[PDB]
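S.K.: The structure that follows is given in the form of structure tokens.
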2 protein chains.
Amino acid sequence: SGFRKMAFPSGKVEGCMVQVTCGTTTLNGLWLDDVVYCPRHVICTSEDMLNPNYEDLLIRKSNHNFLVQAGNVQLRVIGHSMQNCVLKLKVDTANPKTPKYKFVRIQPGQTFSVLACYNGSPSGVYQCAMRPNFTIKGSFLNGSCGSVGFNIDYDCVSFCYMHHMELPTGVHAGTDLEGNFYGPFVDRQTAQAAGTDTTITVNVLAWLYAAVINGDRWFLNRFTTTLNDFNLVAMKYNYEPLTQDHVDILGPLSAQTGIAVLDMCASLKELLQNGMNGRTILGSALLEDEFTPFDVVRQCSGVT
Amino acid sequence: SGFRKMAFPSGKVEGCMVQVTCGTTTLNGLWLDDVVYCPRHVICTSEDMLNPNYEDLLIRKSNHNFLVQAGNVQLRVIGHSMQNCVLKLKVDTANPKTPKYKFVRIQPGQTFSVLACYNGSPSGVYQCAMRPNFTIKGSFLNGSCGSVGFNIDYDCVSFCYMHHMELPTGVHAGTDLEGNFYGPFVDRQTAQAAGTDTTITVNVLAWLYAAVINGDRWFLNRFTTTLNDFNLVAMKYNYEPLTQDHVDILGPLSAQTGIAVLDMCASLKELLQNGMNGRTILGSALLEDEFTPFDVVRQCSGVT
Ligand SMILES: O=C(Nc1nncn1C1CC1)[C@@H]1CCOc2ccc(Cl)cc21
Ligand SMILES: O=C(Nc1nncn1C1CC1)[C@@H]1CCOc2ccc(Cl)cc21
């Protein structure tokens, strides 16, 4: 028993991290097969970032200007192309440590692991949720750009995120591996509004089920609610409206614990309206939303 | 910016995980050089666990009874020895993925990463603190035994923990890699008191410094305190007494932020006495103690 904010084992992704330098800028790249993926802003100077014309900036660059280093060996760049906000550097050598992989665009509310890197070297790994407003609350310093987010289903790594920037508000923005930003963001040093964020209701409910499985039950009450009634409370507390699709995804946890989804919604309703009264749930003094129902089942069943 | 409960990249440890089976029991082993380390209770049946005589149980076992499997290949066992609560299985092949490593006994209050495994396969990675009472609050199911805790300083993995058991209270107990339990615990299915736990004061202060560095400053006040005054509050709130050694370790963070350690102690004192008033610090509604001062400096400086 016990419940932790667990990240995927990062080994398969560590073997793909490289350092990419263009001019005076160094960031991280992802080497998969004979292609290295990195944020296109590697071609900019901090000065260019105010309003970069990436097409014009990239035209001044040649294959030999992109220095790609994997550990201590240099990779020979034989092609370069920009796809949305990422650069794809074709190298002459396929990465021998390339795992089975996929590029996926995750949905808001879904979770993933981030392998934070600097100069192509891994520094740490943590579990994130893509916020409903398409930002992530990460831990990223200068040079972390190009660090990736991913999920792993047995031997296949699904890469879902590449880090590009920190907004003036301190939250993080990035792209899928085709270079499409999650959210309205642009790779430019300008003030950018991230939308109103909300709490991922289905994840809080999944985490309440994890609490019951792992022994924390003080919050269970004698009440029930309806999707309509619960959603009036979710509206007031800036929670995502619960749908039947969310109730359906909670099915396995509801079956495991014997607690009907709407009964768990009534516990959540009372927690929203009354707070925790100085108590904790799974070591937390707030309602946690960075665990999906799939994460709870996975962690509680020991999937490797 | 941003501050996360970051684990070390687990790759170097993933390459050392093996499955060890003896009779009907399967757990995880750590393969380093030509030795596989695992909890000695792999030789027990669930029935033997009430009061096992490990010496007698091990005498009925031969090298061929220990099935060690690394991925899909079988390792040939040529020796077996029990050292405290661990078994050391000498194999005929050195692990080709053996990283530079050390076995270290960490101190209470120090942190480490756990690579949770089942059947020799990694399931996830999370960052833990060894509690002052020598337990850890992990996420471990049946078969997780033998999963290890570790730290990494550039290319050297310092293994500090091997998981053995879950106490009736749901907290976890284990040994260093020489098989010596952290705490008063015995590898036997009996009720075992874990001592009164306390909050790791120096870690809460380190985390408050991390909060200031990363923008959360609402808790800073116009007050100061003394080690004596602060310790009277620490006593009342079940916090570890702060010493000059702890103040000394906080030196770099104090220098970085310009906030004297005793001024940060006065902020902590007011937070203990008044609570958070429904506010958060680094996304938490409680005082976090699972980040050491070294962790804060490391994360805030991007050490890889
Ligand atoms: O955001 C960026 N860096 C960043 N992203 N995660 C961590 N960090 C560092 C600041 C802490 C760069 C530098 C700031 O100016 C920009 C502007 C646009 C773009 Cl795409 C990137 C950048
Ligand atoms: O504790 C153990 N298992 C455990 N440790 N982390 C997770 N888990 C499973 C229960 C959830 C085993 C089984 C219970 O009985 C004992 C007794 C003594 C020893 Cl050393 C091990 C054990």
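Residues are named by chain letter and number: chains run A, B, ... in the order of the structure tokens, numbers start at 1 in each chain, and ligands are numbered from 1 in the order shown.
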Write out as a JSON list (two decimals) with N, CA, C and O atoms, in the first residue's frame the residues lying within 8 Å of residue A:165, counting only C-alpha atoms and excluding same-chain residues fewer than 5 positions away.

M.R.:
[["chain", "number", "residue", "atom", "x", "y", "z"],
["A", 145, "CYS", "N", 15.05, 23.63, -22.14],
["A", 145, "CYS", "CA", 14.28, 23.52, -23.38],
["A", 145, "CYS", "C", 14.69, 22.31, -24.19],
["A", 145, "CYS", "O", 15.87, 21.95, -24.21],
["A", 172, "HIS", "N", 4.64, 26.66, -17.53],
["A", 172, "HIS", "CA", 5.40, 26.21, -18.67],
["A", 172, "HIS", "C", 4.56, 25.84, -19.89],
["A", 172, "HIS", "O", 3.42, 25.43, -19.76],
["A", 173, "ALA", "N", 5.15, 26.03, -21.07],
["A", 173, "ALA", "CA", 4.48, 25.80, -22.33],
["A", 173, "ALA", "C", 5.40, 25.06, -23.27],
["A", 173, "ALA", "O", 6.63, 25.24, -23.25],
["A", 174, "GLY", "N", 4.80, 24.22, -24.08],
["A", 174, "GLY", "CA", 5.55, 23.41, -25.00],
["A", 174, "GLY", "C", 4.68, 22.83, -26.09],
["A", 174, "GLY", "O", 3.50, 23.17, -26.20],
["A", 187, "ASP", "N", 6.19, 30.74, -29.71],
["A", 187, "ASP", "CA", 7.58, 30.74, -29.24],
["A", 187, "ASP", "C", 8.23, 32.10, -29.48],
["A", 187, "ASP", "O", 9.07, 32.29, -30.35]]

S.K.: Using DSSP assignments from the backbone, pull out every residue in stretch 28-246 of chain A that falls under strand (DSSP E) and give it to me as a short mmCIF file (atom, residue, chain, number, x, y, z; two decimals) with N, CA and C atoms, in the first residue's frame.

M.R.:
data_model
loop_
_atom_site.label_atom_id
_atom_site.label_comp_id
_atom_site.auth_asym_id
_atom_site.auth_seq_id
_atom_site.Cartn_x
_atom_site.Cartn_y
_atom_site.Cartn_z
N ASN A 28 18.36 20.99 -25.37
CA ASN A 28 18.29 19.54 -25.45
C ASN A 28 17.59 19.11 -26.70
N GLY A 29 18.03 17.98 -27.22
CA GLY A 29 17.40 17.34 -28.35
C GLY A 29 17.01 15.91 -28.00
N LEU A 30 16.12 15.35 -28.78
CA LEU A 30 15.63 13.97 -28.63
C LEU A 30 16.04 13.21 -29.89
N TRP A 31 16.93 12.26 -29.74
CA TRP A 31 17.46 11.47 -30.85
C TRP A 31 16.73 10.14 -30.97
N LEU A 32 15.93 9.99 -32.02
CA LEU A 32 15.13 8.78 -32.26
C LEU A 32 15.41 8.34 -33.67
N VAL A 35 16.97 10.81 -36.50
CA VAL A 35 16.45 12.18 -36.44
C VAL A 35 16.60 12.74 -35.03
N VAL A 36 17.04 13.98 -34.91
CA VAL A 36 17.13 14.66 -33.62
C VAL A 36 16.07 15.76 -33.65
N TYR A 37 15.22 15.79 -32.63
CA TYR A 37 14.14 16.77 -32.52
C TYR A 37 14.51 17.76 -31.45
N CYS A 38 14.32 19.05 -31.72
CA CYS A 38 14.62 20.07 -30.72
C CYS A 38 13.77 21.32 -30.95
N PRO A 39 13.62 22.20 -29.93
CA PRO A 39 12.87 23.43 -30.15
C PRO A 39 13.54 24.29 -31.22
N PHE A 66 24.55 23.14 -36.81
CA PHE A 66 23.85 22.45 -35.72
C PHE A 66 24.79 21.42 -35.13
N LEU A 67 25.30 21.70 -33.95
CA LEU A 67 26.22 20.81 -33.27
C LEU A 67 25.43 19.89 -32.38
N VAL A 68 25.43 18.61 -32.72
CA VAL A 68 24.67 17.64 -31.95
C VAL A 68 25.63 16.70 -31.30
N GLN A 69 25.58 16.62 -29.97
CA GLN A 69 26.50 15.79 -29.22
C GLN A 69 25.72 14.84 -28.33
N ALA A 70 25.97 13.54 -28.48
CA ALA A 70 25.31 12.48 -27.70
C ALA A 70 26.35 11.95 -26.74
N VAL A 73 30.21 11.84 -27.98
CA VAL A 73 30.44 11.74 -29.41
C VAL A 73 29.56 12.68 -30.20
N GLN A 74 30.14 13.21 -31.26
CA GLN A 74 29.48 14.15 -32.13
C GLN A 74 28.69 13.44 -33.23
N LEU A 75 27.47 13.90 -33.49
CA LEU A 75 26.66 13.36 -34.58
C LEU A 75 26.78 14.24 -35.81
N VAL A 77 25.34 15.97 -38.94
CA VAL A 77 24.04 16.43 -39.41
C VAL A 77 24.02 16.49 -40.92
N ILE A 78 23.09 15.77 -41.53
CA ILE A 78 22.99 15.69 -42.99
C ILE A 78 21.71 16.30 -43.58
N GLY A 79 20.85 16.83 -42.71
CA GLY A 79 19.62 17.44 -43.15
C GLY A 79 19.01 18.24 -42.03
N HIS A 80 18.26 19.28 -42.37
CA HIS A 80 17.53 20.05 -41.37
C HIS A 80 16.21 20.53 -41.95
N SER A 81 15.17 20.45 -41.14
CA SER A 81 13.86 20.93 -41.54
C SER A 81 13.09 21.41 -40.35
N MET A 82 12.27 22.41 -40.56
CA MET A 82 11.45 22.94 -39.48
C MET A 82 10.05 22.46 -39.71
N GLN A 83 9.45 21.85 -38.68
CA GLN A 83 8.06 21.39 -38.71
C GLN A 83 7.38 22.12 -37.57
N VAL A 86 9.32 22.87 -34.10
CA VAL A 86 10.47 22.01 -33.85
C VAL A 86 11.35 21.92 -35.05
N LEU A 87 12.64 21.72 -34.81
CA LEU A 87 13.58 21.43 -35.87
C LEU A 87 13.84 19.93 -35.84
N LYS A 88 13.95 19.33 -37.02
CA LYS A 88 14.25 17.93 -37.22
C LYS A 88 15.61 17.90 -37.92
N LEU A 89 16.61 17.44 -37.20
CA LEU A 89 17.97 17.34 -37.71
C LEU A 89 18.23 15.92 -38.08
N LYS A 90 18.34 15.65 -39.37
CA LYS A 90 18.64 14.31 -39.83
C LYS A 90 20.12 14.05 -39.57
N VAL A 91 20.44 12.95 -38.90
CA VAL A 91 21.84 12.61 -38.64
C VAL A 91 22.20 11.35 -39.43
N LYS A 100 11.16 1.42 -28.66
CA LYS A 100 9.91 1.43 -29.45
C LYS A 100 9.18 2.70 -29.00
N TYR A 101 8.76 3.52 -29.96
CA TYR A 101 8.16 4.78 -29.60
C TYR A 101 7.03 5.21 -30.52
N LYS A 102 6.26 6.18 -30.05
CA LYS A 102 5.18 6.82 -30.78
C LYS A 102 5.20 8.29 -30.41
N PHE A 103 4.68 9.14 -31.30
CA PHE A 103 4.46 10.54 -30.98
C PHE A 103 2.96 10.68 -30.79
N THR A 111 -1.85 12.92 -17.74
CA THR A 111 -0.59 13.08 -17.05
C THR A 111 0.57 12.51 -17.84
N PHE A 112 1.79 12.89 -17.47
CA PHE A 112 2.97 12.37 -18.12
C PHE A 112 4.20 12.63 -17.27
N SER A 113 5.29 11.94 -17.57
CA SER A 113 6.55 12.13 -16.88
C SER A 113 7.43 13.08 -17.67
N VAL A 114 8.21 13.90 -16.99
CA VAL A 114 9.12 14.83 -17.64
C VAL A 114 10.50 14.44 -17.22
N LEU A 115 11.41 14.28 -18.19
CA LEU A 115 12.80 14.06 -17.84
C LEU A 115 13.47 15.42 -18.05
N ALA A 116 13.70 16.16 -16.97
CA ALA A 116 14.35 17.47 -17.07
C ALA A 116 15.80 17.26 -17.41
N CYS A 117 16.29 17.94 -18.43
CA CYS A 117 17.67 17.84 -18.90
C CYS A 117 18.31 19.21 -19.06
N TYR A 118 19.66 19.26 -19.00
CA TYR A 118 20.49 20.45 -19.28
C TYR A 118 21.69 19.97 -20.04
N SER A 121 21.99 16.34 -20.73
CA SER A 121 22.13 15.42 -19.61
C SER A 121 20.94 15.45 -18.67
N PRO A 122 20.47 14.27 -18.29
CA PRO A 122 19.31 14.20 -17.39
C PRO A 122 19.64 14.64 -15.97
N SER A 123 18.76 15.47 -15.42
CA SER A 123 18.94 15.97 -14.07
C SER A 123 17.91 15.35 -13.14
N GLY A 124 16.69 15.13 -13.62
CA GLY A 124 15.66 14.54 -12.79
C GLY A 124 14.38 14.20 -13.52
N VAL A 125 13.51 13.49 -12.84
CA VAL A 125 12.25 13.05 -13.43
C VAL A 125 11.09 13.30 -12.50
N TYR A 126 10.02 13.85 -13.04
CA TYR A 126 8.83 14.11 -12.25
C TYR A 126 7.57 13.91 -13.05
N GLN A 127 6.47 13.65 -12.37
CA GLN A 127 5.17 13.43 -12.96
C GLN A 127 4.40 14.74 -12.95
N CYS A 128 3.79 15.10 -14.10
CA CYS A 128 3.07 16.35 -14.44
C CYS A 128 1.66 16.00 -14.91
N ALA A 129 0.76 16.98 -14.90
CA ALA A 129 -0.51 16.87 -15.60
C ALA A 129 -0.48 18.02 -16.58
N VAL A 148 11.70 16.41 -22.58
CA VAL A 148 10.45 15.86 -23.06
C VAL A 148 9.60 15.22 -21.99
N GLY A 149 8.30 15.16 -22.27
CA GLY A 149 7.28 14.49 -21.49
C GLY A 149 6.87 13.23 -22.22
N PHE A 150 6.56 12.19 -21.46
CA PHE A 150 6.26 10.91 -22.07
C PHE A 150 5.47 10.00 -21.15
N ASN A 151 4.91 8.97 -21.75
CA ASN A 151 4.26 7.86 -21.05
C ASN A 151 4.90 6.57 -21.57
N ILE A 152 4.78 5.47 -20.81
CA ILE A 152 5.33 4.18 -21.25
C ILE A 152 4.31 3.09 -21.05
N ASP A 153 3.97 2.33 -22.10
CA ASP A 153 3.06 1.19 -22.01
C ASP A 153 3.93 -0.02 -22.36
N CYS A 156 6.87 0.47 -25.05
CA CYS A 156 6.68 1.58 -25.96
C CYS A 156 6.57 2.93 -25.28
N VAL A 157 7.47 3.85 -25.64
CA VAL A 157 7.44 5.20 -25.09
C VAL A 157 6.59 6.08 -25.99
N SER A 158 5.53 6.67 -25.47
CA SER A 158 4.70 7.60 -26.22
C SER A 158 5.17 8.99 -25.79
N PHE A 159 5.87 9.69 -26.68
CA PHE A 159 6.35 11.03 -26.38
C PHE A 159 5.21 11.97 -26.63
N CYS A 160 4.87 12.80 -25.65
CA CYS A 160 3.74 13.71 -25.82
C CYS A 160 4.11 15.16 -25.71
N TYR A 161 5.26 15.50 -25.12
CA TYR A 161 5.57 16.90 -24.86
C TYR A 161 7.03 17.22 -25.07
N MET A 162 7.35 18.41 -25.57
CA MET A 162 8.71 18.92 -25.64
C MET A 162 8.62 20.32 -25.05
N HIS A 163 9.51 20.62 -24.11
CA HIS A 163 9.47 21.89 -23.42
C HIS A 163 10.02 23.02 -24.25
N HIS A 164 9.32 24.16 -24.31
CA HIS A 164 9.83 25.31 -25.06
C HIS A 164 10.07 26.54 -24.22
N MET A 165 9.13 26.84 -23.30
CA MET A 165 9.28 28.11 -22.60
C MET A 165 8.56 28.25 -21.30
N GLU A 166 8.96 29.30 -20.57
CA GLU A 166 8.31 29.64 -19.35
C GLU A 166 7.64 30.97 -19.61
N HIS A 172 4.64 26.66 -17.53
CA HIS A 172 5.40 26.21 -18.67
C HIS A 172 4.56 25.84 -19.89
N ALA A 173 5.15 26.03 -21.07
CA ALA A 173 4.48 25.80 -22.33
C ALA A 173 5.40 25.06 -23.27
N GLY A 174 4.80 24.22 -24.08
CA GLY A 174 5.55 23.41 -25.00
C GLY A 174 4.68 22.83 -26.09
N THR A 175 5.28 21.96 -26.89
CA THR A 175 4.63 21.39 -28.04
C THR A 175 4.49 19.85 -27.98
#

S.K.: Mind listing as a PyMOL selection string which residues of chain B are within 6 Å of chain A, counting only C-alpha atoms?

M.R.: chain B and resi 1-4+6-11+121-126+138-141+285-286+303-304

S.K.: Excluding residue A:54 and its own-chain neighbours fewer than 4 positions away, which residues fall within 10 Å of it when counting only C-alpha atoms? Please give them as a list in words.

M.R.: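 My reading of the contact set: residues 40, 41, 43, 44, 48, 49, 58, 59, 82, 84, 85 and 187 of chain A.
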
S.K.: Okay, now the selection with N, CA and C atoms, as a PDB file, in the first residue's frame?

M.R.:
ATOM      1  N   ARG A  40      12.737  24.833 -32.132  1.00  0.00           N
ATOM      2  CA  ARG A  40      13.285  25.655 -33.198  1.00  0.00           C
ATOM      3  C   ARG A  40      13.973  26.922 -32.696  1.00  0.00           C
ATOM      4  N   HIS A  41      13.662  27.383 -31.453  1.00  0.00           N
ATOM      5  CA  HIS A  41      14.322  28.585 -30.947  1.00  0.00           C
ATOM      6  C   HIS A  41      15.808  28.382 -30.633  1.00  0.00           C
ATOM      7  N   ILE A  43      17.870  28.268 -32.845  1.00  0.00           N
ATOM      8  CA  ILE A  43      18.495  29.123 -33.868  1.00  0.00           C
ATOM      9  C   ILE A  43      18.490  30.605 -33.529  1.00  0.00           C
ATOM     10  N   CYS A  44      17.879  30.991 -32.417  1.00  0.00           N
ATOM     11  CA  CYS A  44      17.766  32.379 -32.044  1.00  0.00           C
ATOM     12  C   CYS A  44      18.807  32.788 -31.028  1.00  0.00           C
ATOM     13  N   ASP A  48      16.820  37.913 -30.695  1.00  0.00           N
ATOM     14  CA  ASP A  48      15.890  37.462 -31.740  1.00  0.00           C
ATOM     15  C   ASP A  48      14.537  37.066 -31.169  1.00  0.00           C
ATOM     16  N   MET A  49      14.496  36.623 -29.901  1.00  0.00           N
ATOM     17  CA  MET A  49      13.288  36.126 -29.258  1.00  0.00           C
ATOM     18  C   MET A  49      12.136  37.101 -29.119  1.00  0.00           C
ATOM     19  N   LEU A  58      16.329  30.530 -39.973  1.00  0.00           N
ATOM     20  CA  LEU A  58      16.745  29.187 -40.334  1.00  0.00           C
ATOM     21  C   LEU A  58      17.475  29.147 -41.680  1.00  0.00           C
ATOM     22  N   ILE A  59      17.130  30.046 -42.594  1.00  0.00           N
ATOM     23  CA  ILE A  59      17.779  30.126 -43.909  1.00  0.00           C
ATOM     24  C   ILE A  59      19.271  30.475 -43.797  1.00  0.00           C
ATOM     25  N   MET A  82      12.266  22.410 -40.555  1.00  0.00           N
ATOM     26  CA  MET A  82      11.448  22.942 -39.482  1.00  0.00           C
ATOM     27  C   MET A  82      10.047  22.461 -39.705  1.00  0.00           C
ATOM     28  N   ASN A  84       6.494  23.097 -37.866  1.00  0.00           N
ATOM     29  CA  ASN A  84       5.847  23.891 -36.825  1.00  0.00           C
ATOM     30  C   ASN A  84       6.952  24.551 -35.914  1.00  0.00           C
ATOM     31  N   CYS A  85       6.974  24.293 -34.597  1.00  0.00           N
ATOM     32  CA  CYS A  85       7.974  24.895 -33.711  1.00  0.00           C
ATOM     33  C   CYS A  85       9.157  23.986 -33.374  1.00  0.00           C
ATOM     34  N   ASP A 187       6.193  30.738 -29.709  1.00  0.00           N
ATOM     35  CA  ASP A 187       7.583  30.742 -29.243  1.00  0.00           C
ATOM     36  C   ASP A 187       8.225  32.095 -29.480  1.00  0.00           C
TER      37      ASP A 187
END
